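# Overview (structure and organization)
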Amino acid sequence: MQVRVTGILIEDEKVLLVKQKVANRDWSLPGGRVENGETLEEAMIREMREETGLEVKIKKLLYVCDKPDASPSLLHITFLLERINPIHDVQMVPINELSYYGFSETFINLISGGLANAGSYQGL
Amino acid sequence: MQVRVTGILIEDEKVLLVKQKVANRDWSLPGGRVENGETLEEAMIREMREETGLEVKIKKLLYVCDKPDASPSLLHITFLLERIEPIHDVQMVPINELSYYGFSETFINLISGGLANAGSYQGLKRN
Ligand SMILES: [Cl-]
């Protein structure tokens, strides 16, 4: 089973986005695959470092999404993060404008709520 | 990877405990291994009706504990459950009495905080 973590870092009502180095290379949430021997947290911290060069700490686990029909089975965990050698592609997008970046027709309010939505789950 | 789900169904400040058909028996939380192809949810619902015969729905993810160093790697998810629509060994124990059944004060506080502690996480590695 594969596991992926993504971080949501909010400051002044904006979310941190990075340019994806794969696919259509759109601005998306920072994250990556959890590597063998890594706790979800170590992976999150490593991914933030490699894609934004920032040092962070887990604030809370917000939303977990699992799709076992994937190949291989996939578990997706999203963390609320707080801030504490290539130049990184980074952008702070106002939460309002997130819809202009193609963000899900099912959420955006999920992150608007912040801690209020901690622990959300889906299963599909 | 081995994934385990645990259910915490609270009603009137009491937690649902089940009696283990293994080891020294003893009252513990309902849960089990997530079987291949199941979503965490499908497994939670399945374990819940095999051990308590109740129909439940997930409220929120309460706690995620992962031990990548375990053999095999372990991910343990705890769900706050809510009731919806063979005889099982079931008991509703008041939360302020869980210490009697071996639960630590730390855990009792977690369950006690309820929805307020939703989304808790902890990574555990040896050394
Ligand atoms: Cl690897």
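Residues numbered from 1 in each chain as written, not as in the entry; some residues may be left out. Chains lettered and ligands numbered in written order. Heavy atoms only, no water.

If you check the header, you'll see the entry was determined by X-ray crystallography and the resolution is listed as 2.55 Å.

The name given to chain B in the PDB entry is MutT/NUDIX family protein, with the source organism recorded as Bacillus thuringiensis str. Al Hakam. The title line of the PDB record says "Crystal structure of a MutT/NUDIX family protein from Bacillus thuringiensis".

The name given to chain A in the PDB entry is MutT/NUDIX family protein, with Bacillus thuringiensis str. Al Hakam as the source organism.

Time to look at the interface of chain A and chain B. The interface of chain A with chain B comprises 23 residues on the first partner and 21 residues on the second. Taken together, the two surfaces of chain A and chain B that pack against each other cover about 1,700 Å², and 66% of this comes from carbon and sulfur. Contact with chain B buries area across many residues of chain A, yet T39, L61 and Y121 of chain A alone supply 27% of it, more than any other trio. The interface formed by chain A and chain B contains zero salt bridges. Where chain A packs against chain B, one counts 11 residue pairs in polar contact. Looking at the side of chain A that touches chain B, the elements with two or more residues in it are α1 (40–52), β5 (56–67) and β6 (74–83) of chain A. The dominant element in the side of chain A that touches chain B, judged by the number of residues it contributes, is β5 of chain A, at four residues. Looking at the side of chain A that touches chain B, its residues break down into 12 nonpolar, six polar and five charged. (Contact = heavy atoms within 4.5 Å. Buried area = accessible area lost by both parts, 1.4 Å probe. Salt bridge = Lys/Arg side-chain N within 4 Å of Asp/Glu carboxyl O. Polar contact = N/O pair within 3.5 Å; in protein donor to acceptor, adjacent residues only side chain to side chain. Helix = DSSP H or I, 4+ residues; strand = E, 2+ residues; numbered from the N terminus. Nonpolar A, V, L, I, M, F, W, Y, C, P; charged D, E, K, R; others polar.)

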